[PDB]
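I have placed the structure first, in the form of structure tokens, so that the comments after it can refer back to it.
Bear in mind these aren't lab numbers, they're just calculated from the coordinates by the rules spelled out. Here the Cβ is made from the backbone with ideal geometry for all residues, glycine too, and neighbour counts use every protein chain on show.
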Amino acid sequence: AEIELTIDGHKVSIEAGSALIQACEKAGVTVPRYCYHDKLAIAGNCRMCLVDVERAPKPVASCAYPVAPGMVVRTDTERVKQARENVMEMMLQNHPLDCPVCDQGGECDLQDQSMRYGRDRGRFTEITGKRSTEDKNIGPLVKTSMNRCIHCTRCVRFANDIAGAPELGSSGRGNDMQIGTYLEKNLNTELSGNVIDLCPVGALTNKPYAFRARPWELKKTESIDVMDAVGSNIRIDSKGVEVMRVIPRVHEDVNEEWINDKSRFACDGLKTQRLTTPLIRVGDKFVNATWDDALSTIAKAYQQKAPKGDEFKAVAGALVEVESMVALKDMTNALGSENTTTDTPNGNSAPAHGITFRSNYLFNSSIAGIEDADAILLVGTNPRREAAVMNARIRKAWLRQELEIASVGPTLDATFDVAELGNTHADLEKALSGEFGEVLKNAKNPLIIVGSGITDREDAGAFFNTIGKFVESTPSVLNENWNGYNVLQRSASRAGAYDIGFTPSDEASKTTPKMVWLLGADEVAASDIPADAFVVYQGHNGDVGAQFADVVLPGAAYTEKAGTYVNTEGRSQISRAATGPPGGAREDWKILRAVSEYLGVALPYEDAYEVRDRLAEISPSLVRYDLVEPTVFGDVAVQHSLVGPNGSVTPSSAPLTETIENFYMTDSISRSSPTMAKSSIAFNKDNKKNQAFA
Amino acid sequence: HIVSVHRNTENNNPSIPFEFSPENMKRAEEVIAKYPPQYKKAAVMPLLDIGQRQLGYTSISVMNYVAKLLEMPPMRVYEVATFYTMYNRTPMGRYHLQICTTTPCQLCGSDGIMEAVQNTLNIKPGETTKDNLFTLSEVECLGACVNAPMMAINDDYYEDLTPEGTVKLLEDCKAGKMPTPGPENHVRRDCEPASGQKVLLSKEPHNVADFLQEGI
Ligand code: SF4
Ligand code: SF4
Ligand code: FES
Ligand code: FES
């Protein structure tokens with residue numbers, strides 16, 4: 001229950017047991033800080049949050065002192081100002097004059113709080129000099145200049161509590177205390193880059209960005225993170241035509257201040273191996289060509305080949321917008337085809353879970369609902385490589401709650417205790433009608449998280465039928481207040497695809513295609529496209545799909561267009577263009593409209609407003625931006641789509657396999673990254689730097 | 001100065017195996033029993049000392065073996081072994097001379113003792129002799145400030161020192177039997193004044209049973 005207290009004369013109210021700094025933040029009172037973070041545990045080592053309380057003789061730490069009723073706080077008086085001055089004097093005693101060569105310059109809390117709450121000049125002139133500290137090698141992503149460490153312990157707290165990487169610590173004692181791995185080890189985690197943002201000094205910095213830019217040079221665009229279906233909200237920092245870095249953004253219901261390393265460091269791939277001009281295959285060579293010539297060639301291929309009905313195949317890959325897929329589907333249907341297809345292994349056939357109700361392919365117990373969790377079952381998903389931030393959320397819940405977690409699948413090096421109980425469908429049914437089934441039944445907020453790798457199997461109906469039966473049989477998993485059936489997607493376009501109906505007929509499932517338009521589709525195998533078919537790759541990077549193509553149309557990347565992306569929850573988010581596309585590249589729906597007009601059809605929209613109206617005509621949830629909708633048809637969906645048409649399928653005994661064999665190098669932008677290549681050579685479990693011999 | 005970084009060597013690296021002997025493993029299980037079952041990490045300090053006594057110094061393999069035993073990450077053990085200075089993380093000599101140079105032992109003559117030891121062994125604090133016999137280290141107060149100046153050789157306190165006595169003490173620890181601990185040459189017993197006790201002079205103590213309250 002809330003209490004009442006006074007801070008600088010202002011009366012404010014927060015819950016009991018809260019820290020004083022939280023009250024000061026609610027009251028609009030600014031209090032300094034280096035070691036306090038809203039998402040990390042409370043440490044009281046910087047001694048910069050000191051304020052005066054009438055109760056206490058000495059000044060007390062706002063970060064740690066509990067809030068009490070009737071307490072009177074002052075953050076204004078001479079003792080507090082002198083305290084801040086003294087603490088900054090000691091802090092900058094042994095700090096190095098690296099401000100020109102430091103990459104935190106211009107965005108340093110130490111600089112700003114020295115200017116605001118500290119002295120104008122120093123009194124340290126000792127002839128013996130300052131302390132020195134040797135630089136650590138903790139990997140190819142985080143660069144270390146550890147003379148600048150102020151010993152806040154944010155890195156350690158993050159790595160040991162939020163990430164599950166206990167290799168970072170606090171070795172030594174006193175002035176010779178050094179943060180790092182006591183021996184040369186790597187900071188092996190898919191969340192390591194947030195250490196760079198948490199350090200208020202430049203002791204831990206981005207290595208590929210090391211000296212590229214300063215903060216004031218940068219345009220800051222608030223956009224959305226492709227590379228996973230979490231829809232992490234990001235800030236793209238751009239210097240003209242070049243995207244310099246990507247950093248996280250606050251969204252407490254999606255990603256909560258964090259982003260993974262792919263999202264942060266795959267930006268290096270938007271400036272190499274890009275497609276800047278159209279290309280025509282004349283033989284074993286690609287020949288650069290104009291837009292008119294390439295679209296002319298596509299039209300002539302359509303008229304020479306005469307694909308009847310479902311012989312025109314449309315493939316959409318990861319990292320594609322919704323607008324592009326809608327335009328491609330409208331075109332493909334105007335040409336008489338229903339062979340809209342995903343780049344997954346079993347993408348030629350529609351999903352076993354069906355697309356009739358959105359509840360069947362979404363994370364219905366929303367990302368903030370993991371915090372409500374009491375029991376979790378993980379079917380065919382490693383959340384550390386699929387939606388790592390959601391794995392961090394699962395950990396966060398597990399550390400503060402009674403949370404019992406099980407998994408049916410490959411044995412996964414998890415950041416929590418996971419209770420592995422099988423790898424087959426047999427073991428799934430065993431678990432669901434044995435012990436963990438009753439664990440799920442007696443729970444008040446149980447979660448059954450199914451992976452997309454299950455949909456990428458032939459015997460997926462067997463699974464989804466089993467899980468659907470268990471769901472409709474168990475009230476606790478599906479109520480009028482809570483839905484525990486969740487499907488975790490690993491790529492950012494699948495939810496929007498299924499929302500717009502980007503799946504194939506079964507009439508088209510068995511057709512051999514004569515033309516194959518593949519859009520951002522880099523996971524094709526060279527067996528899903530015939531040797532005698534005319535193929536059209538539309539993308540932004542040449543990795544796999546453009547090698548196959550007969551015509552290549554350069555498109556725009558997610559940093560170069562304002563697209564709509566649907567995440568796992570069903571949350572539609574709108575990006576924002578940071579730059580324009582390079583060279584002769586174009587927005588992709590405009591490409592599809594032009595090539596429609598070159599062909600014997602034409603889409604009825606001509607600018608972005610009409611495309612938004614078409615999105616509304618397809619699904620009105622695609623324009624309710626950032627709103628996660630409930631659904632009224634949970635019972636109906638589990639009875640119609642998951643349990644009904646899947647009883648005919650018989651299970652395999654092939655063990656479940658991991659879906660993402662390398663977290664790094666998952667898509668075109670990452671496979672074109674050299675930083676991801678270095679991070680794939682390193683961060684391999686076979687290396688001695690990445691395994692501590694416990 | 002405290003060293004807080006490890007660089008692997010051919011005789012100190014995690015590939016070198018380590019294992020408690022059966023005696024020390026029994027003792028370690030008895031030590032783990034002294035704490036709650038879920039808080040067995042509390043035994044990281046005594047078990048590390050057990051390792052440092054089996055093998056003459058706290059090597060990285062000892063830390064990793066303890067971490068394996070107590071189900072704790074190795075870095076949490078590295079932090080302990082680096083924080084507490086009695087964990088010798090470099091190899092040591094047979095005899096670890098620890099001479100206090102704090103203010104009491106300085107007022108009573110620690111610097112003469114340090115000069116004597118440095119001249120006898122031709123060694124500076126933090127170094128080891130050619131004999132692998134004497135490792136020297138100037139330490140803070142070891143809790144024998146009344147019997148000052150003082151020193152400690154491998155866990156035993158030799159007190160109320162002189163340069164003469166320290167020189168010949170090192171001589172007989174270099175070869176032959178080493179004297180029993182306590183004040184030098186029995187010029188004192190323990191904390192008594194060296195002229196003699198002035199307080200506790202009977203030959204039978206007063207039993208407090210004779211002086212209880214009116215209650216009980
Ligand atoms: S961390 Fe901040 S104060 Fe320290 S050198 Fe870098 S920019 Fe300057
Ligand atoms: S390395 Fe950086 S984040 Fe970690 S304690 Fe030092 S200053 Fe803080
Ligand atoms: S913010 Fe309270 S001591 Fe650092
Ligand atoms: S001052 Fe030397 S033993 Fe304490």
_Counting only Cα atoms, I'd like the Rg/Rh figure for the stretch A:1-83, Kirkwood definition for Rh._
0.92
*asked:* For a bin width of 10 Å, list the pair-distance distribution of the stretch A:483-629 built from all Cα-Cα distances, rounded to whole %.
replied: 10, 32, 40, 17, 1
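What does the extension gain come out to for A:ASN175 and A:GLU4, with contour length at 0.36 nm per residue minus their alpha carbon separation? Kindly include the intermediate steps, with their values, before the conclusion.
On the way: separation 171, 0.36 × 171 = 61.56 nm, distance 4.11 nm.
That works out to 57.4 nm of additional length.
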*Could you run the Karplus curve 6.51 cos²θ - 1.76 cosθ + 1.60 with θ = phi - 60° over the stretch A:5-17 and give me ³J(HN,Hα) per residue in whole Hz, x for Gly and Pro?*
8, 10, 9, 6, x, 7, 8, 9, 9, 9, 4, 7, x
_Looking only at chain A, where both bridge partners belong to it, what percent of the DSSP beta bridges are antiparallel (to the nearest 5)?_
50
*Using the Karplus equation 6.51 cos²θ - 1.76 cosθ + 1.60 (θ = phi - 60°), what ³J(HN,Hα) coupling, rounded to whole Hz, does each residue of the stretch A:54-69 give in order, writing x for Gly and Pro?*
4, 4, 9, x, 7, x, 10, 7, 4, 5, 10, 5, x, 7, 10, x
*According to the square roots a ≥ b ≥ c of the eigenvalues of the Cα gyration tensor, what is the shape class of chain B, taking rounded for a/c under 1.5, prolate for a/b larger than b/c otherwise, and oblate for the remainder?*
oblate
*Considering only DSSP states other than H, G, I, E and B, which trypsin sites (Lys or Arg not before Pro) in the stretch A:51-119 qualify as loop sites with at most 14 other Cβ atoms within 10 Å?*
A:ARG55, A:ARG119
*For the stretch A:504-620, with the dipole built from +1 on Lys and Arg beta-carbon atoms and -1 on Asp and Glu ones, taken about the Cα centre, which of A:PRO604, A:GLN573, A:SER619 lies farthest toward the positive end?*
A:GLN573
*Taking the convex hull of the alpha carbon atoms in the stretch A:509-575, what volume per residue do you get, in Å³?*
116
_Backbone N within the stretch A:121-165 under 14 Å of label point (7 Å from A:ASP686 Cα along the Cβ vector)_ = none
_Prolate/oblate/rounded call for the stretch B:23-78, Cα gyration tensor, a/c under 1.5 rounded_ = oblate
*asked:* Which of rounded, prolate or oblate describes the stretch A:139-250 when judged by the alpha-carbon gyration tensor and an a/c cut-off of 1.5?
replied: prolate
_Quick check on chain A: helices-only [θ] at 222 nm, where DSSP H runs of length 4 and up contribute -39,500 (n - 2.57) each and the sum goes over total residues. Nearest 500, please._
-6500 deg cm²/dmol
*Specify the angular offset, from 0 to 90 degrees and rounded to the nearest 10, of the alpha carbon long axis of helix A:322-334 from the longest principal axis of the alpha carbons in chain A.*
0
*What distance in nm separates the simple spin-label points at A:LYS510 and B:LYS26, each placed 7 Å from Cα in the Cβ direction?*
7.7
*Between A:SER18 and A:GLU402, what is the FRET efficiency for a Förster distance of 30 Å, r being their Cβ-Cβ separation, to the nearest 0.05?*
0.80
*Stokes-Einstein diffusion coefficient of the stretch A:579-694, Kirkwood radius over Cα pairs, 37 °C, 0.692 mPa s, in µm²/s*: 157
*Per-residue [θ]222 nm for chain B (sum of -39500 (n - 2.57) over DSSP H runs n ≥ 4, rounded to 500)*: -10000 deg cm²/dmol
*Projected label distance in nm at A:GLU252 and A:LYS219, using a 7 Å step from Cα toward the beta-carbon*: 3.2
_Within 10 Å of each Cβ in B:4-14, the average number of Cβ atoms from other chains_ = 4
_Partner chain coverage, peptide A:179-191 - average Cβ within 10 angstrom_ = 3
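For chain A, what is the charge dipole size about the Cα centre, in debye to the nearest 20, if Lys and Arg each add +1 at the Cβ and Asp and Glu each add -1 at the Cβ?
With only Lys, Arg, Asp and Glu charged at Cβ, the dipole is about 2260 debye.
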_Förster-model FRET efficiency, 60 Å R0, A:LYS441 and A:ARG612, C-beta, rounded to 0.05_ = 0.85
*Once amide H atoms are placed 1.01 Å from N in the peptide plane, what residues at a sequence separation of 5 or more from A:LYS136, or on another chain, have their amide H within under 5 Å of its amide H?*
A:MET146
*Along the charge dipole of the protein assembly as shown, which of A:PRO66, A:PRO200, A:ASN94 sits closest to the positive end, that is, farthest toward it, with unit charges on the beta carbon of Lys, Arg, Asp and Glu (+1, +1, -1, -1)?*
A:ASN94
*asked:* Order these by the 10 Å Cβ neighbour count, fewest first: B:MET178, B:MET150.
replied: B:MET178, B:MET150
_Dipole magnitude (debye, nearest 20) for the stretch B:92-199, charges at Cβ of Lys, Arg, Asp, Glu_ = 180
*Run the dipole for the stretch A:452-579 about the Cα centre, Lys and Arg Cβ at +1, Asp and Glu Cβ at -1, nothing else charged, and hand back the magnitude in debye, nearest 20.*
340
*Taking the highest mean first, how do the peptides A:619-631, B:31-43 order by number of other beta carbon atoms within 10 angstrom per residue?*
A:619-631, B:31-43
*Can you put A:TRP258, A:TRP482 in order, fewest other beta carbons within 10 Å first?*
A:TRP482, A:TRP258
*Using modelled amide H (1.01 Å from N, peptide plane; none on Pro or chain starts), what sits under 5 Å from the amide H of A:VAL320, excluding residues fewer than 5 places away?*
A:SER493
*Per the Cauchy relation, a quarter of the hull surface: what is the mean projected area of the convex hull of the alpha carbons in the protein assembly as shown, in nm²?*
51.6
*Taking the simple approach of a point 7 Å from Cα along Cα-to-Cβ for both A:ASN481 and B:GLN213, what is their distance in nm?*
5.7
*Could you list, in their original order, any pairs among A:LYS130/B:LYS41; A:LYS143/A:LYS685; A:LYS271/A:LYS514; A:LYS58/B:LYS34; B:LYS174/B:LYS198; A:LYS143/A:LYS239 whose Cα atoms are separated by more than 31 Å?*
A:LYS130/B:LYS41; A:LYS271/A:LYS514; A:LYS58/B:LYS34; B:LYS174/B:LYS198
*If one computes P(r) from the Cα atoms of the stretch A:95-198, what percent of pairs lie at distances over 20 Å?*
46
*Quick one: if the Förster radius is 30 Å, what FRET efficiency do B:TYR57 and A:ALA210 give, using the C-beta to C-beta distance and rounding to 0.05?*
0.15
*Starting from the coordinates of the alpha-carbon atoms of the stretch B:92-199, obtain the Kirkwood hydrodynamic radius over all distinct pairs and give the value in Å to one decimal.*
13.9
*Positive-end extreme of charge dipole, chain B - chosen from B:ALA148, B:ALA43, B:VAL62 (charges on Cβ)*: B:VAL62
*Residues whose placed amide H lies under 5 Å from that of A:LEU50, excluding near-sequence neighbours*: A:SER62
